[PDB]
Every structure is written in C-alpha cells, then in structure tokens.
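Presented below, as structure tokens, is a lone chain in the form deposited in one PDB entry.
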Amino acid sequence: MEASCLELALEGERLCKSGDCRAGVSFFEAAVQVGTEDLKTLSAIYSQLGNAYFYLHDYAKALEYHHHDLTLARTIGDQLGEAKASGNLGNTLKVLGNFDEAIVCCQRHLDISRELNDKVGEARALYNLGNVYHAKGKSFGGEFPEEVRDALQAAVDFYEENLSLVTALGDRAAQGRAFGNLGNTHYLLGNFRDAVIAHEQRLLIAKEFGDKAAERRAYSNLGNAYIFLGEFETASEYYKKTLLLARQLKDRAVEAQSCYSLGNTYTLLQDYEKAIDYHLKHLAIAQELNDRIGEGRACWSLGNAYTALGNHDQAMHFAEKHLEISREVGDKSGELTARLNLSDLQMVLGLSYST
C-alpha cells in the first residue's frame, strides 16, 4: 500500500505546522514524485514547499517552488492562487536582492486582490510592497543617496496605505506591524518626529495585546529616535523602559545593549556617574556572555567616562583592559587608540610632578 500523493502531502503539512519543516520538506518532495492530476493540490504542495524552504533559509529553493506555484496558478486560472503565489514569490525575490521583480510580483498581488475585491488580500499586498521598498532602500552603498531616499519614501507610502486599510478593517494587530515599520522607515529617512509618532502607536497597540516583545521593540526605537532629535533626557526615559522589559523577559543580550545605550545617553547628558553605572552593568553581562568585542567597547567607554570625571587612576585601568581586549580580538584602530589613551594618561600623571 504505497502512500498516495495526498497522504504524503498532509503529513508534510502537519510536519511543517509543528516546526519541523526539514522533515515536512521530505514528504512534500515525495508527494511531487508520486504525482497527482489535481493541479489545485499540486499548487498547494509547491506553495508549501516554497514557504518551508523559505523558513529553512534555502531561498534558492524557495524561489524555485514559488516560481512553480505562480506558473501553475496562472495555468489553471486560480486568481486567489495567483495572488498568493505572487506575494510569496515577491518576498523571496526581495530576500534575494531582486527588487525589480519583487515589486512586479507584489504589484501583481495588489492588482488581483483589488479585482477580486479581497480587502484583506489588498492589505497584505500593500504591506508586502512596503517591505520590499524598505529592503530596496537598505540595499545600497557624506551624501544621502537619492535612490535610498526614493525607495524609503515609497515604503512610507505603501505602509500608510496599508495602515489606512488595515484600520478600516479593524485589524488591530496588523495596524501594529504597520506602525512599527512605518516608524523604522522614517527613522532611516531622518523623519525622527514621525518615527516617534508611529512608534508611540506601536507601543500603544503592543500593550493592548500584552505583547511584551513588541513593547520592548517600541521602547528601543523611541529611544533611538529621540537620541537623533537631540532630546537625550527623553531618550533615557525610554531606554530605562526597554531595560526593565528586557530584564523582565530575561534577555541578557538586550539588557546589556540597553545598559550600553543608557551609558552613552548619560554621557551625552554629562552625568558621568550614571554613565559609569550603566557601562559597568553592561561590562558584567558582556563578560558573562563572554562577549570580548563588547567588553572592549565597555572598557573603552569606561575609560572615557572615568577620564571625564577626573578619576585618573580608574581611567588607566580600563585603557589597559581596552588595549588588551583590542589586541586579543585583532582590532587595529582600538589597539592604537587604547595605546594613545594609556601613554596620555601616563603623561598626565608623570607631568603632575615638578622637574
């Protein structure tokens, strides 16, 4: 009783739904080998193979199977099927850096959705187009390239359209994703205030769902945007909130990054004592996760903070640690600067005594 295409297919489907796409792929592959005349099911097989490989990060294969799905959906005249495949093929092409074709695929998805009067599908396409342009914008390279700017502005436009429709459909969670990406795009463009405004909404919505991760993301984005608005005190308030959330979600890495941002922010506010505190908390966690590179960044920062406080002795110590870490990780610029900091501090000390 050799298994039928449909049976293998259903196994691959539940396998992928359980997180094990590596196995599901196997069954889907087998089902294709067995074959079927039900092209609608074969279409679903390809689509799921493409999506599974995408998840496995085998984009070349995700491309192959989404390409197949799109072709078949078109051959058998499945409109909704073509729209979905166009969107999937577009996200894949995006990852692969083929933005021109990704845009075409996602625009195709948009068109078919509007024709079928598929409002949620329309929303999904606008969001995909927004994501594609966002990626395009980041795929370039003190002049800000106009090509980066046009792409990012294109993203803002699609995100706003998606946002508009998605709030009209009452999809609160989708509004949240729209706000967050809209905020990050503005951040990269340099529209800090609008970034802040969009992120506040992302924060607002994350709280409604009790989505702690989303909430943490919003606090970090807010802090970063305020830094570039020159509003450091406001930035610190948000970095503290990310720290608490991070501390609460038991994320050591993120908690360390938060302490490091706080150290820098307080240095900008010229409160070196607090900078020291936060940089120390970051130092510890860095050592704990055995992150030498970040430990170097820590010693570098501590040395500067202590130097700014007049604490010569403590500055020496960290400059030494910095020089050490820098050489161990093979960082040239750091080695030299740590070196220059050491000899300078030694000069400051030795010259502080009469001839």
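Definition used throughout: the rigid core is the maximal C-alpha set that superposes within 1.5 Å between two forms. Note that residue numbering follows the sequence shown and begins at 1.
Checked against the other entries of this protein, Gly210 counts as resolved in every one of those spanning it, not missing from a third of them. In all of the other compared structures of this protein with flanking residues present, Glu200 is modelled, so it falls below the one-third mark for missing coordinates. According to the PDB entry, the deposited sequence contains 4 to 9 residues between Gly141 and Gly142 that lack coordinates.
The deposited model assigns a higher average Cα B-factor to 315-323 than to the other stretch when 65-73 and 315-323 are compared.
When the two stretches 98-106 and 269-277 are set side by side, the higher mean Cα temperature factor goes to 269-277. Annotation for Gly303: C-alpha temperature factor in the middle third relative to the rest of the modelled chain, per the entry. When the modelled residues of the chain are ordered by their C-alpha B factor, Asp194 lands in the lowest third.
When the modelled residues of the chain are ordered by C-alpha B-factor, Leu249 sits in the highest third. In the PDB entry, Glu255 places in the highest third of its chain by CA B-factor.
In the deposited entry, the Cα temperature factor of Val32 places it in the highest third of its chain's modelled residues.
Below, we turn to the form deposited in another entry, even though it does not appear here.
Once the cores line up, the CA of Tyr272 ends up 2 angstroms or more apart between the shown form and the other one. Remark: with the core as the superposition reference, the CA shift of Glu160 between the shown form and the other one stays below 2 Å.
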